Structure formats: structure tokens, C-alpha cells
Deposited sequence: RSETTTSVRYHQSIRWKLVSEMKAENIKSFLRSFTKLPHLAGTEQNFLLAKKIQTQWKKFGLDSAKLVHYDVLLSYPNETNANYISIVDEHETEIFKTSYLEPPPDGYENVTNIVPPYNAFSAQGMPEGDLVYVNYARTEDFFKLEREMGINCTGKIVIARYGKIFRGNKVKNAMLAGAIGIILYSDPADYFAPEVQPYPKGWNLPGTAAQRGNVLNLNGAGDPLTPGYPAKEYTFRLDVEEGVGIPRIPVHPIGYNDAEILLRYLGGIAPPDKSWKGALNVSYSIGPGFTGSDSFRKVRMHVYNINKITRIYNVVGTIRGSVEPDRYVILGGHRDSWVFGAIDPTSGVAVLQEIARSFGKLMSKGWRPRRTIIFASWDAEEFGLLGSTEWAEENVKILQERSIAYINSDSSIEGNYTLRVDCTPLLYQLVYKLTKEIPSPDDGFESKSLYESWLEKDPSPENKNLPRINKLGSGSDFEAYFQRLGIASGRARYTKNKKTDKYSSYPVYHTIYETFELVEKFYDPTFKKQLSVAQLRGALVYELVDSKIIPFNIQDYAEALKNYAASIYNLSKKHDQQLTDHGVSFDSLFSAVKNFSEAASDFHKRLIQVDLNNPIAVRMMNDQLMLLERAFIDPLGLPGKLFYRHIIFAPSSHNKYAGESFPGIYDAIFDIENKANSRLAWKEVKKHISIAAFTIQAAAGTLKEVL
């Protein structure tokens, strides 16, 4: 088959060669090297035989350290004397000059000074525990939080809400140092001198902070920088664990409340505020990063469909990194090139797809999904009426245990089908499929005989396509074993030590695991773009809605008396879900009857398949979040990396027992139950024959 030709043409050695070629120098967004990498990708797509390959630019707010006013944290004594201050490229890269020092992009500027408080992971539950159980008031304090568990911008939002005047982020070995592995370069663990870069915005889907809603073109209106969406109002800076140990060692005050607050350093993990047993009197931060409008460049290419050129499947991945980014994103950049090359080989033998493929290399993803979101804002009118699906191509290889897939229920069946026809790259599975190894290693909690597929929140460039525009989206990559590996992300994430050599020595020396991910991403694009009937299954969406309705109802049971007292009922939601299940079953019964030789009959049913995900989009958005529009899924308000189901109801019920005004609070729950019931009923209505 053509799909087998596409998959079998892809080669591990080619992914390895692309990865080495793209990882020799840092390629930070807005810098000359990441522009040169765009032009290189463009040249390659033209050689492969794509119909077009263009650079598409935007001018967006970025953030960088000031070379002549360096950031630091210090400890001062009562006489204002600095007692301590926080502070080469990896082997082989000694001549690389322009590695950006560690910083958190979009931190406020300032020099706050105060007592230090340790706040664990700075999650919502950690600040609840501090205030409600531990007697700690963070107002006016500098807080120190360990990285991990949730997106760092959520930590900063939480510290702002708790009244902190600054937040120090650090990498604790409990979370970034795998047991019995040596630090880089001898092993793949994080050294104590390395800090994790990353932005600390709270954009909620907005894209460029200065141009929410509209693409950042040269004529475009810009908000004043002080009103930029999502920009934090306190300083934020990241440090490695050698420096963190010095800051934590003499913290006094209360003992850590339980073992879940204690990391792995040889310190007490006492909470503060203040020091004991030391010259250590106050902590200071000094953070002076600069925000500036900077040009970014997406590469956008196409293969135009031969039958339905006005229908799109998008394969997009980011190219910008914090330093070399050999895993994030460049492993995905290398995969995207190998998929485009393979589609080019098909074209060289006369094939053309039924629908149009759009290939995209996004810029400034690490600064808030900026390039992919600005392009979605520019092209929203054609994208929302014509797109079948978005397949991401970020990091392919964050661990070497098994596959991880996150996607809409519409795509579950296609994912399972395609993984059965891709050889497993895993040791011990040499005559078995990827589906077989994935099922053995990560069975789904809700059905032991299927592999786990996760919900979509945010974290990568599919966000605007799925959460704002309602385009079916999916992602797949290799990952760690969650039952034995307790570290967050991977140890060297967003450090200088994400090098080609790390990937080849420690993650995937044969490049077979990366190859399996390229084969799956490419095969998904192929089936979505070439199949006469779009390969979605809406009965799988109906089953998912039944599970999500049971989950949100279960989370309401502990408030049963309040539900009765305030007249709150989930009956309309369960009725809408029942009606959707009936409509989805009836739709599939009619779909198998379609006359495949009648092009308008086929197109009308394909439009229903394409527009189903769109029915879940509410133009009014979610509360406070104009740009999260999907009623079934949104990024969690507590952790943008995680997807939450029925987000409007979930947020309305969360911590409701502590709301000041219970009558108002329960009316908000009733509002969002009503919106969810309407939206699912409306979606069911789009499937009806008459």
C-alpha cells in the first residue's frame, strides 16, 4: 500500500543525520541561528518536492537577559553585606559563544529583598496547605519553589496570588536526578550547576502578549507592554541545586509538614520564614530581563490535494529551543523532515494526496506557543472551515520505555489501527507491533485491553488549533516508565545538556524509537489526508462523554446536601450525553450506507465528521479565558500541561466550600452544567440527518 511505502521509506539513519545537523549551535527564538535553521528547513522542503515552502513572519514580544545587567540571587547579612551569590558549554561545544544564561522569560524586573519561605512545588494545594494548615503567610516574602509537577507559569501565578514579592525556582534532585545514573557527561542526569530555562507567562491561549485575538503583523495594534497578557508582576529566576542547597540549608521556622514536602538535598526542608543557625539574614533577587518586540519566522509548506484541495491536515512542530534542544524540539524537527522527505518520495512516483497537507515549522513556541498561535489567528477563517486535523511534531524521545499518545476521542481508533502496523522498536518485541508493546507497558485504566490515551490540555503548538478552534488534534512520542520513574519531564530538560550526544548515547542509540514515532506521525497524516471517508469514530467520543459526565458527577457527591439546597442537578448533562450517544450511533449506521461513488453524498458526511469537534467550541470562552473555547476539554487552571474535562463545571465546583458567597457559587455551577448540556446537545444535532 501507499501507507506502507510512506512508513518503510523512513530511516533511522536519516533522522540521526538531520538531528546532528540541527543541534550544533543554539537556536533560540528571535536569534540569527534560528532564522538560518528556518531557511535550511525551507530549502529542504523545496528539494523534497513540496508545492510551496514559505517563511511567514510576525513581530511578537520576546524576553531575554540583559548582557550588561546580569541576573542573580544573593543572601545578605544585617549590615547589607553580600554573603552568597548564585551563579562552560558541554564537552565538544567549548567554542559556542551565545548560550543564553539561565533565566525565566517574561519575569518582572526588580530587586526585592525579604525573608525566604519554601513552598514545595508552588501548586494550588501547597499554598492552600501553607495558609489553611501550616500558619504561613507568604505576603511580602520571597518564595522558593521546586520545579516539577505543574507548568512553572502556574507556580508564579500562585505565588503572586499568595502575596509573594519574588519567586526562586530550582531543580531538586528528587525531581530531576534519576537514581543510579551519573550526571552529564558520564550519564543523563542533571548536574548541580545547571538551571532550567522557561517562560513564566499565564497566557491562557492568547499567543503574543501584545496582540490577543489578531496576528502580530506590521500594522497591528499592540497593547501597551504594561498591559501585555499573562505577564507576571513579580521577579522569577531559576537556579540549580548546588545553589538551592545553600539557600535552603539554614531555613528556620516550622519543620516540613510531611515527607511529601522533603526533596533529596542534604537540608531540613524547613519552611521559614527566616534563617536560623547562621550571616544569613535576608534574600535578594536581582532580575532585569528585557522584553522587546522581535521578528519570528514560521516555515509553512504545502502539498495540494488532488480532489479536496480546500481540506487540510496540518503537521506542525516547533523549531526554536532554549539552547541546543536536542530532545525539545529538535528530535521532532528531525522527525518532521523525515516525514516530509518520505511524502516527497511518494510524489516522485506520481502520488498526490486527496486533501491538502500543510507542513509547519513553528517559531517562538518556548515563549508561549507564539508562532503557531499567531498563524492560527491569521488564518482562522480558512482553518476553522477546512481543517480535518492537526498532528504535532515536538519532541519525539523524552524517555525510552514506551509510547505516549494524547488526542481527541475522534482519533483513538485510527491511532490503535496504525500502531498495529508499525514494527515495535523495543528490545524483546522484534516480531511484534508498536501497539503490542505499548499495550503491555501502558494499559488504559478504563479498559485493560487498550493502551492508555490521555486528554489534551496545553504545552505545545496544538493548543490554539484544538482549544480555540476545535480542530481534532493528536500527539505521540516516546516516554519514560511512570510506575518506576518518578522524575518530572527528563533530567536535562531546558538546560545546556540537551545535546545530540545525550540522545545518541543514553536515549536511543539505534534511532529506532524515534523512527517509530516518525512512522506513526506520518501515517496519521497520510490516513487523514488520503482516505475517502475521514477516519474518525464518533461513538468513541460518545463513550468518552459518558466517562467524563460520571467523573464530574462523582466529584460533586461530597456536596450532595448543597446540591439539594441550591437546586443543582446534573440531569440535563446526562440527558444531553444520552442524546449524543444515540445521534453518534445513528450517524455511524448511516455512514456505512453512503454511496462512495456519489461525491456530494461523501462530502456531506465528511463535513459532519470534520465539523463535529467544532461544535464543542463556544465563542464566549470559559470564565476569564477568551481563548479557551472547548467545553469538553481545557488546560487545567492549576497546571496548563494537564487536560481537564468539563472545565467550566470543574472550575466552578473546585474549592467551592471555601467561597465567600455560597448562593453565587452554586449558581455558577448551575450555569456551567447548563452550558455543557447545551453544547453536547448542539453537537448531537450536527450529526442528525434531518
Legend entry - Stretches of the record's deposited sequence for which the structure holds no C-alpha atoms: 1-12, 100-102, 294, 707
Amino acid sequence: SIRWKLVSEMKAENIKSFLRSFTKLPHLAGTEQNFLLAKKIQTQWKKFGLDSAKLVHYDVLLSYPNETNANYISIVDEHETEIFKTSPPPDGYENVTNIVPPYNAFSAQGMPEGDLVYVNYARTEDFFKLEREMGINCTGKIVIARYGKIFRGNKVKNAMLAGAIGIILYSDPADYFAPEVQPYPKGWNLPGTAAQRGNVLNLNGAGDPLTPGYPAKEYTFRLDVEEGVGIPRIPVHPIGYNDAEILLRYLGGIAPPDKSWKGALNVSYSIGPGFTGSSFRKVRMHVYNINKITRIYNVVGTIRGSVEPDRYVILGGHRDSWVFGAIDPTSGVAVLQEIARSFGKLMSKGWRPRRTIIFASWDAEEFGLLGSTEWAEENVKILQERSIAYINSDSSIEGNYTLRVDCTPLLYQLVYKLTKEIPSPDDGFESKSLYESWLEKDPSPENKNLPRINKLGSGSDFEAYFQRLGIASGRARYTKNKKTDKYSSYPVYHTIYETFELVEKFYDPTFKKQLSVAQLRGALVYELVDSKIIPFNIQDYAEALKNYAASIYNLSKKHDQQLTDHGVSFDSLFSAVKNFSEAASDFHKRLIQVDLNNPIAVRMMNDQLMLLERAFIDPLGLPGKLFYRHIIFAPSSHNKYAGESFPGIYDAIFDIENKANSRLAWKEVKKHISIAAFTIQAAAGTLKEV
From here on, numbers count along this sequence of modelled residues.
Legend entry - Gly325 unmodelled in at least a third of other compared entries: no
Legend entry - Test item: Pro88 lacks coordinates in at least a third of other entries: yes
Legend entry - Per the entry, higher mean C-alpha B factor between 211-219 and 565-573: 565-573
Legend entry - Given 42-50 and 65-73, the range whose Cα B-factors average higher in the PDB entry: 65-73
Legend entry - Selection by C-alpha B-factor (highest) of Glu543, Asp394, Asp427, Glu377: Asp427
Legend entry - Deposited CA B-factor, highest of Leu469, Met111, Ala206, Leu369: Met111
Inset, instruction - For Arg386, return the chain-relative third of its C-alpha B-factor as stated in the PDB record: lowest, middle or highest. - result: lowest
Inset, instruction - For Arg663, return the chain-relative third of its C-alpha B-factor as stated in the PDB record: lowest, middle or highest. - result: highest
Inset, instruction - Ordered by C-alpha B-factor within the chain, which third holds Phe654? Give me lowest, middle or highest, please. - result: highest
Inset, instruction - Place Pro235 in the lowest, middle or highest third of its chain's C-alpha B-factors, as listed in the PDB entry. - result: lowest
Legend entry - Lowest, middle or highest third - CA B-factor, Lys85: highest
